[PDB]
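To start, the structure under review is shown below, and the notes come after it.
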Ligand SMILES: Nc1ncnc2c1ncn2[C@@H]1O[C@H](COP(=O)(O)OP(=O)(O)O)[C@@H](O)[C@H]1O
Ligand SMILES: Nc1ncnc2c1ncn2[C@@H]1O[C@H](COP(=O)(O)OP(=O)(O)O)[C@@H](O)[C@H]1O
Ligand code: SF4
Ligand SMILES: [Mg+2]
Ligand SMILES: [Mg+2]
């Protein structure tokens, strides 16, 4: 039953709100789930807990002396729908790797009955604009079974997406690290979905869902909760549920193959995002061109 | 004469365009400068060179076998105004630290007559949203004399700015790492400058300059050059020159002192960016509230 799924993507796109709401929808349809948080903040777990900031492990690393002294309650709590939030908080900002802190955090959960439960899914909210060895270390482990990239039809959300997929390449042979799909969290740029679908199959995956930009998200988040439990009757709530439907029923999980930057550049030149740069004007001043 | 200055900031704000244009203005007023690039791309050096992508060191690390075999020409070139561009390119995406690659790149320049020249300034274009030990490693060295944070009146450009400053704290005692100023690269949100000035003195520095969002930047960058050499007669060109004026004449260089997230949250609640969240509605459903 238990599948270990990572929610990768550039910082800012929609990871935390998407994942918390997906899981809420998933939990509404009877699935037992755990949410793991890796952002250098407590925001990734928040909406389920209704807490301003959940207590991170890195934060309780010094506030216990030794990490070994902590329990399951003080580090992880289940809020709405019995879905278990836990935050890492890597790093202590300026010295050390973010991801090496993340890794020792799951290793805590690895030597306790956290994973070993009647659980179906575990979700790893984590960034990857730049996917360095540090931020690519649950893929070193086999914590990264199913990888889903939240992105949008914009240069760097997408550049990031291709680079998260460059990291599946490296560890693809040595373990079950797969790319499940692509989530397009809407910017509202016209034929955005289309662009993420072009890029989806350019990479070999599909764009499993297109999440809209509904303002109800904002109304639910000032009550520090998910849209799922704020108004289940909301249109976006069923959009979020729809995602969870495709997640559980997902059978397409491929090892991707990245594209060159020229291939990403021409893709955005096709869809009209990037400019039709004249090579005749490059390197020249305004009084001539 | 030689001051070693870093241009820190969140990914996307304006680092590459700001720095290349600052240096171009600086070089127009007779200063000999070197531009160092650390973004996982060649974009940070581009506009001076007019090249689509400059040849990075990490890229020529395998395309030479041993890093020791490379020269000053194949790794660094001077484009317009004799200002010397060099790109690192860290990392090989998925394994290893970005910043540890950056460090060994400057160490190349450290054992060649790159620094030791008739140079006045060196500029380190580098990110810091999350400032980890890896991305905080020219501050471990004394490559980070003068740190200038490009940001805007928005949650994470600013969150980042405070966190770059949290990293000056750590290495402040053990070397000359200072915070020179704050550059506000305009979003156009109304009283944005004001917000970066509030945050500037909340941190102890000043907001040395307010860079506008002029579309001429776009017209100069399709000719893959700086606005300085595209149209010197442009209004934004003098804005960029103005920055360089304050840079050289800068005397204010402090060790900052970060603020709590509540202090950043209330600052944005004062300036109207963040919401006036009702505590009476938190944790409750729509049919009641
Ligand atoms: N589908 C959406 N519709 C509307 N707003 C959204 C949506 N997804 C995310 N957001 C907005 O983006 C903000 C930040 O999202 P988050 O997921 O926390 O970012 P990040 O990628 O860092 O984890 C949300 O709190 C909200 O302001
Ligand atoms: N002063 C400016 N006026 C207008 N656009 C700007 C300005 N500075 C930066 N930009 C825009 O921001 C884009 C990205 O800037 P860049 O400096 O490359 O970002 P980053 O902080 O990652 O290094 C620029 O190519 C341009 O689209
Ligand atoms: S760049 Fe990556 S590997 Fe290097 S310190 Fe940062 S999180 Fe760790
Ligand atoms: Mg987040
Ligand atoms: Mg850049």
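A few comments on the model shown:
- For segment B:67-86, a residue qualifies if it is within 14 Å of chain A (Cβ to nearest Cβ) and crowded, with 22+ Cβ neighbours inside 10 Å, and exactly one does: B:79.
- Answer residue from segment A:38-60, given it is away from chain B (no Cβ under 14 Å) and under 29 Å from residue A:175 (Cβ atoms) and is nearest to ligand 4 (Cβ to nearest atom) among those: A:45
- Filtered by the rule that a residue be within 13 Å of ligand 2 (Cβ to nearest atom) and in contact with a strand residue (DSSP E or B) (Cβ under 7 Å, 6 or more places away or on another chain), segment B:128-156 gives B:128, B:148, B:149, B:150, B:151, B:152.
- Some residue of segment A:12-23 being within 16 Å of ligand 3 (Cβ to nearest atom), closer than 23 Å to residue A:165 by Cβ and surrounded by 24 or more Cβ atoms within 10 Å (Cβ to Cβ): no
- Residue, nearest to residue A:150 (Cα to Cα), within segment A:102-135, restricted to residues that are more than 16 Å from ligand 4 (Cβ to nearest atom) and within 13 Å of chain B (Cβ to nearest Cβ): A:132
Yes/no per residue for (1) closer than 30 Å to residue A:80 by Cβ; (2) surrounded by fewer than 17 Cβ atoms within 10 Å (Cβ to Cβ); (3) within 14 Å of another protein chain (Cβ to nearest Cβ); (4) within 16 Å of ligand 5 (Cβ to nearest atom):
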site: A:200; (1), (2), (3), (4): no, no, no, no
site: A:226; (1), (2), (3), (4): yes, no, yes, no
site: A:231; (1), (2), (3), (4): yes, yes, yes, no
site: A:243; (1), (2), (3), (4): yes, no, no, no
site: A:248; (1), (2), (3), (4): yes, yes, no, no
site: A:259; (1), (2), (3), (4): no, no, yes, no
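- Some residue of segment B:98-112 being more than 15 Å from the chain's Cα centre (by Cα), crowded, with 17+ Cβ neighbours inside 10 Å, part of a loop (DSSP other than H, G, I, E, B) and away from ligand 2 (no atom under 16 Å from the Cβ): no
- Of all residues making up segment A:24-37, the number that are within 14 Å of another protein chain (Cβ to nearest Cβ) and surrounded by fewer than 22 Cβ atoms within 10 Å (Cβ to Cβ): 1
A short reminder: the numbers here are calculations on the coordinates, not readings from a lab. Ideal geometry is used to build each Cβ from the backbone, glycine not excepted, and the neighbour counts take in all protein chains shown.
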